[PDB]
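Cβ atoms come from the backbone with ideal geometry, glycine included; neighbour counts cover every protein chain shown. Laboratory data are not the source of any read-out in this text; all were calculated from the coordinates shown.
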Amino acid sequence: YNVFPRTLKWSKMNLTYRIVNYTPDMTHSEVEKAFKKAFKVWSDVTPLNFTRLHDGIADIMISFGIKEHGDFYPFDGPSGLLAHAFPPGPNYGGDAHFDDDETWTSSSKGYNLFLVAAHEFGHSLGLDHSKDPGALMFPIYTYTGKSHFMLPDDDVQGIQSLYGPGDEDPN
Ligand SMILES: COc1ccc(S(=O)(=O)N(Cc2cccnc2)[C@@H](C(=O)NO)C(C)C)cc1
Ligand SMILES: [Ca+2]
Ligand SMILES: [Ca+2]
Ligand SMILES: [Zn+2]
Ligand SMILES: [Zn+2]
């Protein structure tokens, strides 16, 4: 049973994460919405368990990425790359990093963390992608997390069904 390596949705009904998008044009209050609110929408599509244990137990997080890997250069102006997320494995999984050279906000101008973040998190915690037809995963985001409707049902029901109940049980 193996074909397209894109799903990672089975044994992860609950996970922890950290909120630290950035403080460019928004304030601690906005980032609070970006990370929380965007999470409110992600939870709306799927009852995913998320906990930010500052104690040091986080798997995914929202934060502006700044070239710190050592392989490919993510940050790069408005280039085709606003949010790169990693697989929830080591302490660098579900790492939601936005091309620091891009723009992010919680208002009607630019990428709304609700959208971008709900999208990056959907990846960092979800998997490679899941919107062939239409979901909050393609390089297009136009409709904010809630600026019209769940057009991207692919990500809505997609993770609402795959990330819904977790298994983490080998038969
Ligand atoms: C809200 O929907 C979107 C979220 C994030 C992006 S992105 O960060 O610009 N980007 C999409 C993309 C850009 C260029 C080429 N291919 C894809 C991310 C992404 O997919 N994040 O989930 C890339 C860098 C992986 C776009 C829309
Ligand atoms: Ca870019
Ligand atoms: Ca991590
Ligand atoms: Zn990064
Ligand atoms: Zn995507």
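For the chain, the residue among 114, 73, 63 whose Cα projects farthest onto the positive side of the dipole built from Cβ charges is 114.
For 19, 159, 140, the sequence from fewest to most other C-beta atoms within 10 Å is 140, 19, 159. Other residues with beta-carbon under 9 Å from the beta-carbon of residue 65 carry, at +1 per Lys or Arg and -1 per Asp or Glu, a net charge of -3.
Under a Cβ-only charge scheme (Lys and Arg +1, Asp and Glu -1), can you give me the dipole magnitude of the chain about the Cα centre, in debye to the nearest 20? Mind dumping the intermediate values first?
Numbers: 13 positive and 23 negative charges, 99 e Å.
For this selection, approximately 480 debye.
Using +1 at the C-beta of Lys and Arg and -1 at the C-beta of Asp and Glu, which of 150, 136, 29 has the Cα lying farthest in the positive direction of the dipole of segment 18-171? Farthest towards the positive end: 29. In whole Å, how far is the Cα centre of segment 1-45 from that of segment 82-157? So the separation of the two Cα centres works out to 8 Å. Using only Cα atoms, find the angle between the long axis of helix 153-162 and the longest principal axis of the chain, and express it within 0 to 90 degrees, rounded to the nearest 10. Roughly 40 degrees between the two axes. Does anyone have the angle between helix 28-45 and the longest principal axis of the chain? Alpha-carbon axes, 0 to 90°, nearest 10? Helix 28-45 sits at roughly 30 degrees to that axis. All other residues whose Cβ lies under 11 angstrom from that of residue 51 are scored, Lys and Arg at +1 and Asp and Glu at -1, for a net of 0. If the label point is 7 Å along Cα→Cβ of residue 92, which residues in segment 106-130 have backbone nitrogen under 17 Å from it? Once the point is set 7 Å along Cα→Cβ of residue 92, 124-125 turn out to lie under 17 Å by backbone N, inside segment 106-130. For the chain, modelled as a GNM with alpha-carbon contacts under 10 angstrom, which of 136, 113, 151 fluctuates the most? Sorting by GNM fluctuation, first place goes to 151.
Below 8 Å, C-alpha to C-alpha, sequence gap of six or more: please give me the relative contact order for the chain in percent.
Values: 354 pairs, mean separation 48.0, N = 171.
Once normalised by length, the contact order is 28 percent.
Cross-link pairs exceeding 26 Å in C-alpha to C-alpha distance, out of 67/146; 12/109; 12/40; 9/37, comprise 67/146; 12/109.
Counting other beta carbons within 10 Å of each residue's own, what order do 168, 120 fall into, fewest first? Before the final figure, lay out each step's value.
On the way: 168 9, 120 30.
The order, fewest Cβ neighbours first, is 168, 120.
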